[PDB]
């Protein structure tokens, strides 16, 4: 089996065995492609690199390939070939063109897709493209980035739901269909037939099976969006699986993605407080809430050298919590105006600690409280799995455990390559590396603290 993970900053090709262990991995940064001053995903060139690396695994019993793509990427095929390299979603879009688009979008209540800058909304790209290449767009078959690669190897164009549900303006999460807008504009009619991520797109193209030395019998799967890969993975853990659970990824962005066990009313979610609606590989709504956690923490600690996740530092970070707690030393939101649950929270310290450990420990508390608010906006309960670098942040995770006392907060036991998830598309019985360890609340308290914090915020 082979997973192709063509993300935004890193493209990874990986070879695995039927027991779900990685045999090899080939990586390569993704460099932008200039075309008019217009930044593009380098499709032609990536296609090459990955026909090389694919050749390397010709001696192996490969029976399946599954594609993985970052979101906010859309590809167009004119007369059965790539019309042009897709736009880089970070590529700017002209002011007048965007405003025109902005004023014709569907309500957030149907789409769960918030207005985002540049190309983050696929609709914005399409809107613009309709101007730059009017004819080529009308003759075009449309097809998400991830699925583009499954057509590169297969000749069959298909779409998959999770890329469409990635704040694209093209999807109606609750309805499980294209949005009124995408239909209205005739965009929905241009898309390749929707298929399930685990479905077989088809056998490897003969001309391709050749120069890679892979068997013509190799089967390509529809594939999925970068972010849903991790969800598949998380659902591999015995505690997550099919249960009501939420995965909270951390980094520059802290993102809560809930996997509801019951039907939820997403049309009621607060767009202004940085929530959105994604979709799982089954087409079921994935209520989401983010805030730029990692960015705010970094504002506080200034340099990589004082990152709150540095391992040997944990005990001292941890031991410094007691005094932070009882002196009411805390931080008020927000440090990123316009983002998260408290877009306009007037930032401020209170009894600012004068040493780094106590300031670094308190930073981990502020992120727990804001994550706490974010998890509640979407009805997260029961099981929470923390991932990303802030999983090694003892003060953060344990503060979370304390805030959600009857909830089971988790962190992973061993590292798992970012591409593992896709394997579970073939063999669902397959599980990640390590096990989940439940997080103990902070040693004794946090109510009085949060109570003060909350009161102050208001």
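Positions refer to the first chain, counted from 1.
- According to the record, the deposited sequence contains 4 to 9 residues between residue 444 and residue 445 that were left without coordinates.
- Averaged over CA atoms, B-factors in the entry run higher in 51-59 than in the other of 392-400 and 51-59.
- Set 224-232 against 346-354 and average the Cα temperature factors; 346-354 ends up higher.
- Between the residues 422, 409, 418, 412, the entry's highest C-alpha temperature factor is the one at 418.
- Compared with the other modelled residues of the chain, the Cα B-factor recorded for residue 103 ranks in the middle third.
- Per-chain ranking of the deposited C-alpha B factor places residue 337 in the middle third.
- Residue 186 sits in the lowest third of its chain by CA B factor, as recorded in the PDB entry.
- Looking at the C-alpha B-factors along this chain, the one for residue 167 belongs to the lowest third.
- Ranked against the other modelled residues of its chain, the C-alpha B-factor of residue 290 as given in the entry falls in the lowest third.
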